[PDB]
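In this analysis, Cβ positions are derived from the backbone assuming ideal geometry, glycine residues included, and neighbour counts consider all displayed protein chains. Every read-out reported here was derived from the displayed coordinates using simple, explicitly stated rules and does not represent laboratory data.
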Amino acid sequence: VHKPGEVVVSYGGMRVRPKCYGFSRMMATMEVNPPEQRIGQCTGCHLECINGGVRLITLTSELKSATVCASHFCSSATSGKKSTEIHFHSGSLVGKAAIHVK
Amino acid sequence: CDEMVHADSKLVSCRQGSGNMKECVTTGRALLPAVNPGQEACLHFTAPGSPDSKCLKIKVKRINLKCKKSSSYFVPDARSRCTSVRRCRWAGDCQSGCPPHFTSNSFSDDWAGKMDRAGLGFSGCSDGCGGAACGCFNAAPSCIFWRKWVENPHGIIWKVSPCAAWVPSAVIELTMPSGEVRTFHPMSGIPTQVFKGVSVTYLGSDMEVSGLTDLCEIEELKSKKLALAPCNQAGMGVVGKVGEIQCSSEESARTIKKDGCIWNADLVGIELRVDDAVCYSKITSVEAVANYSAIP
Amino acid sequence: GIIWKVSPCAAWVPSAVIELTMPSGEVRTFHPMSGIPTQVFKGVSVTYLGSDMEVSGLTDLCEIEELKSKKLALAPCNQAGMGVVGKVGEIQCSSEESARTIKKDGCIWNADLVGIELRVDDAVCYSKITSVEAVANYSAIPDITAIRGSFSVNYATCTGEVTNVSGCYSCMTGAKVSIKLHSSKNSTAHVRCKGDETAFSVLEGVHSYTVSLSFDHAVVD
Amino acid sequence: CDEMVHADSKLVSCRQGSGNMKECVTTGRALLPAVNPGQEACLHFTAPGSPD
Amino acid sequence: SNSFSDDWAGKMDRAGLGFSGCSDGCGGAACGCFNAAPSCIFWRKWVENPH
Amino acid sequence: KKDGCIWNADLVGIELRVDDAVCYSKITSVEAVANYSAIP
Amino acid sequence: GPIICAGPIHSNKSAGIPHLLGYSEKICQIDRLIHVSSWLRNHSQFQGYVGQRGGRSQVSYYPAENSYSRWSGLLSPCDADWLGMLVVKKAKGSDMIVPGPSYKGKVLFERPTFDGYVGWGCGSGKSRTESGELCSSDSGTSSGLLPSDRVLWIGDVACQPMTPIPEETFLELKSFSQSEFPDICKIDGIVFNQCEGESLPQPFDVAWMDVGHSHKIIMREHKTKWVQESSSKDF
Amino acid sequence: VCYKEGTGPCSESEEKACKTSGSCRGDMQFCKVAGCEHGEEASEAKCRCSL
Ligand SMILES: *[C@@H]1O[C@H](CO)[C@@H](O[C@@H]2O[C@H](CO)[C@@H](O[C@H]3O[C@H](CO)[C@@H](O)[C@H](O)[C@@H]3O)[C@H](O)[C@H]2NC(C)=O)[C@H](O)[C@H]1NC(C)=O
């Protein structure tokens, strides 16, 4: 008979005989998982002493009460600051001692 | 505010829509000096009538060096998969001379034409096994048809832009006289014109400039971190660059289905055998191929 | 014929040998080119780049291999889509099953390569082709990390009962310690906190066995 | 293994197909240091439940 | 370059021979009109003189 | 509006985005671009 | 064209075709679409002789060009029913149509599924002139002559005698299919991977094979292989 | 739009149903969210709603 021949499907380290090999359209479904989450939380910020001016170093005692792995930015003080440590890990009770010229 | 400049109210056209409180509409141009960082600058408004007037406060926050996204492109994580349907001659009846024309999208050989999970993979015949070993008893050889997929099971996507420049810019907050507060980032080293409401801010003094090599930014959609590289980019993927697949829809950046994104000739590693073809690849990951820094 | 398959990488980057252990118990081998951010696909996981802690340079050379496997040979090994003048590879042909004869179209000739010359009666044969050997030959051979896909993760009384200690501190392998346990279930163990050197990852059967692991210390705790 | 890094199991989605033994499906990314040649490196998996 | 049938057929153009073009295409749920393939955008430029 | 006056190829600064295009320019004012005197 | 012969044309419609023990006699009968009519008398209850002068030379399938259609030697699932390999079954209300083809003048179409093979029928005189499930009365179909007009088959399927695999080998394929499609969770209501809530309207088209077990298997990274050997059945 | 394609459009009792019902089929952007229950109407299909 005018046939191509027998079929064998080899699929990722296997050798399998098909009773019926074919393609067809099927009725299916799809799912979705909502994106986004949000966080906020009180932090203790205190100032032991200050030596701001032109000199880069200052003594600032701020803390965090949070658990998030990824830490966001931080900000500056008056008279044009940009703290060398804006992002610093926020998982555990790790205080942050910044530097300024205020 | 320490530095303050009043308007030029000589443009006078006010319609007395209400008698208790007046109304007026005006425009013009102004030249106010740059304020020190961390402070706000003012702008005084005057009217020919005495009692009423308003103000406008322009607050600066930061000075830094960013560059503008002249373009934008997405990069998926390519993988190379390849199938093989192996007819033999007089049973696939495929032409003695392999048809030099190849239909790269349908593939009527295996289920007519449908959506292809590859982005324009190629086609071809091959050399032919024939005889008792391959078992279909014809002497003459057999053509084999092969596919290549550029695929992405669980991608991590990067959007990139080749500014290839660095000019000072700042952070601005604005105070409409009504009481609105709208934020934006003006590229005030370049005479860019950002549009909002009624006003537009523009250039400042480039009191210091610096030079730097051909580098530009790499960012991740899950936001692993931010990365820097030589970061070559153009309309096409040049040899040896960071970005090969350059694809222009985030919602279509998971799979490879939008036409906008553009392949490389013979990029995927298809190689043949006596029975069927196997997959390899020569693509390079973004990391550790040409990396000159890593952001703290 | 004696057939050679060739590829022009024209580069050299460090790579290694990796064997993998699926949590189910599968063991699949592969060779990752971990100097290049290549992504090898298997099962659910994929491994990728490492640190190129040393690199070196080398000239335009690439590999020559024989199908009967006489031996392995190296050459300048020029290759492209076409056969350029004076190169190692003139006939470049893309089917092993059709590599004995010359019948597949994929492989590509050279203009006026074969030496036909005429006479007063009939033409005679000559050639100007060159063998692979002794034409241009310059030698003769004598932070690993992975990305996770959609895994297939699966899911009581137990005693430790150590037996002995070996000797190593500050040797690159560490000392090997043996522990004789038994547990009613098939399970996996975890770290000793005071060992102060490394974590643990043992796996046991439901009997009394011993599985030995490597560690180093100044004094045993 | 001497160098060992545990997973980041914060991705939690497990369907209780069977009560005696649980099931779960997860993914992610990991960064383990390169081990010395001739030795094997590990990767620990954790679940919110204790025993397994 | 003079009519622009896309937005109200062809009329007086307050620009002096500004150009035309398509662009790259946003497509998907983000731009919201649910087709996969990208979208062309048409743009004008005016050379103008208020006062 | 008169045809007699003549433009410059790609003089006006059109640039695109993911949604819509924004305006810029590279033209120069007559003053302080190349000025070598000012009449008393 | 014909495996053996062109199918007979007998004017008197009211005839029930009987059984035959012969192997090389039923194939040309299968060429005549004799078996599908028997399904109607069994489930649809109509003595409609199907496809006069048609054979396998004019029958059309939804995909535009079918290479497997050219090959009459291969065997299609509805023709695996006469020979006892597989059996097609009725349709339940929870089973839904696929909006692909143009359902004009039909009575019997196939649809291979995850579980089995499904056939749908209408009444005699109930012409099918729309994709809906509702069948429509009309006298324009009183004559039984139709070139596969009522016989339109979905999919491009090849079938053959097979030798099974152990149960564990089946379990390997089922798990591996789950890993390759992370997004797919629910199919035809049958669980593929349990997930959270899911949408509904989406037609779906991947290749598949059957190896003698309940759960169907799908693939995207497969390599086929074509061998033909002298088998007494294949004559 | 909803139309019975026989005796014209759907009824008010029909179109009000076909935002709550589960038998009248339709095209996409109408089944993902509005829920075409796709009643297998072999004969006498209910009225289809498209865009
Ligand atoms: C529709 O129903 C018919 C009767 O219910 C049925 O006819 C029956 O067909 C079977 C086929 O297996 C015959 O079974 C015997 O014959 C076969 C070979 O022909 C043998 O291999 C079997 O072992 C068995 O001995 C029945 O004899 C036959 N019925 C009668 C009364 O003879 C049709 O096959 C049914 N058609 C469909 C599509 O379901």
>> Which count do you get for residues in the stretch G:108-127 that are closer than 28 Å to G:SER142 by Cβ, in contact with a helix residue (DSSP H, G or I) (Cβ under 9 Å, 6 or more places away or on another chain) and within 11 Å of chain A (Cβ to nearest Cβ)?
In response: 1
> Name the strands (runs of 3 or more DSSP E) wholly within the stretch C:130-193 that hold at least 1 residues that are among the hydrophobic types (A, V, I, L, M, F, W, C) and within 11 Å of another protein chain (Cβ to nearest Cβ)?
Replying inline: C:145-148
> Can B:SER249 be described as among the hydroxyl-bearing types (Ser, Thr, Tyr) and over 14 Å from the mean Cα position of the chain (by Cα)?
Replying inline: no
>> Any residue at all in the stretch G:54-69 that's among the charged types (D, E, K, R), in a strand (DSSP E or B) and either more than 12 Å from the ligand (Cβ to nearest atom) or more than 14 Å from chain A (Cβ to nearest Cβ) (or both)?
In response: no
> Looking at this structure, is G:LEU40 farther than 26 Å from G:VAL206 by Cα, within 13 Å of the ligand (Cβ to nearest atom) and touching a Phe, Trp or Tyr at 6+ places or on another chain (Cβ under 8 Å)?
Replying inline: yes
> List pairs: first in the stretch A:1-17 and over 16 Å from G:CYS159 (Cα atoms) and within 7 Å of another protein chain (Cβ to nearest Cβ), second basic (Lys, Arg) and buried (at least 16 other Cβ atoms within 10 Å of the Cβ), Cβ under 7 Å, 6+ apart or cross-chain?
Replying inline: A:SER10/G:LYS223; A:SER10/G:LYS225
> Of the residues B:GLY179, B:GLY155, B:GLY204, B:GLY189, which is within 14 Å of chain C (Cβ to nearest Cβ), of a type in the set (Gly, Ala, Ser) and assigned to a loop (DSSP other than H, G, I, E, B)?
Replying inline: B:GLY155
> In the stretch A:2-15, what residues are in a strand (DSSP E or B) and touching a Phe, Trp or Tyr at 6+ places or on another chain (Cβ under 9 Å)?
Replying inline: A:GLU6, A:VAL7, A:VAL9
> Hey, any hits in the stretch A:19-28 for a residue that's of a type in the set (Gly, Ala, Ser) and in a loop (DSSP other than H, G, I, E, B)?
Replying inline: no
> Name the residues in the stretch G:70-85 that are of a type in the set (A, V, I, L, M), within 16 Å of the ligand (Cβ to nearest atom) and not in a helix (DSSP H, G or I), would you?
Replying inline: G:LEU75, G:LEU83, G:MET85
>> Please pick out the residue among B:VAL150, B:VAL171 that is outside any loop (DSSP other than H, G, I, E, B), β-branched (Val, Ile, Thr) and more than 30 Å from F:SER25 (Cβ to Cβ).
In response: B:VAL150
>> Contact list please: Cβ distance under 7 Å, first residue in the stretch G:1-29 and away from chain A (no Cβ under 14 Å), second residue more than 16 Å from the ligand (Cβ to nearest atom) and among the small types (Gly, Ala, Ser), pairs at least six apart or on different chains.
In response: G:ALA6/G:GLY55; G:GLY7/G:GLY55; G:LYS13/G:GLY144
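Each row is one residue, and each column tells you yes or no for (1) crowded, with 19+ Cβ neighbours inside 10 Å; (2) in contact with a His (Cβ under 9 Å, 6 or more places away or on another chain).
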site	(1), (2)
G:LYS174	no, yes
G:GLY189	no, no
G:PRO203	no, no
G:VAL211	yes, no
G:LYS216	yes, no
G:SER232	no, no
G:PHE235	no, no
>> Being touching a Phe, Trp or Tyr at 6+ places or on another chain (Cβ under 6 Å) and either of a type in the set (A, V, I, L, M) or loosely packed, with under 15 Cβ neighbours inside 10 Å (or both) narrows it down to one residue among B:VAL171, B:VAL194; which is it?
In response: B:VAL194
> Taking the stretch G:5-36, which residues are under 17 Å from G:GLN58 (Cβ atoms) and either near the ligand (Cβ under 9 Å from one of its atoms) or surrounded by fewer than 17 Cβ atoms within 10 Å (Cβ to Cβ) (or both)?
Replying inline: G:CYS5, G:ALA6, G:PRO8, G:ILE9, G:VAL36
>> Every residue in the stretch A:64-85 that is surrounded by 14 or more Cβ atoms within 10 Å (Cβ to Cβ) and more than 10 Å from every other protein chain (Cβ to nearest Cβ), please.
In response: A:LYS64, A:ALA66, A:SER71, A:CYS74, A:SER83
> Here are some conditions: (1) away from the ligand (no atom under 16 Å from the Cβ); (2) part of a loop (DSSP other than H, G, I, E, B); (3) more than 9 Å from every other protein chain (Cβ to nearest Cβ). G:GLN47 meets all but one. Which one does it not meet?
Replying inline: (1)
> In the stretch B:216-248, which residues are in a loop (DSSP other than H, G, I, E, B), crowded, with 20+ Cβ neighbours inside 10 Å and of a type in the set (A, V, I, L, M)?
Replying inline: B:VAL242, B:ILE245
>> Looking only at the stretch H:12-33, how many residues end up being surrounded by fewer than 14 Cβ atoms within 10 Å (Cβ to Cβ) and either more than 7 Å from every other protein chain (Cβ to nearest Cβ) or farther than 17 Å from G:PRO203 by Cβ (or both)?
In response: 8
>> Checking B:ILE63 against (1) hydrophobic (A, V, I, L, M, F, W, C); (2) within 11 Å of another protein chain (Cβ to nearest Cβ); (3) assigned to a loop (DSSP other than H, G, I, E, B): exactly one of these is not met. Which one?
In response: (3)
> Out of curiosity, is D:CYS42 farther than 25 Å from A:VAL32 by Cα, in a loop (DSSP other than H, G, I, E, B) and not small (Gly, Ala, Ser)?
Replying inline: yes
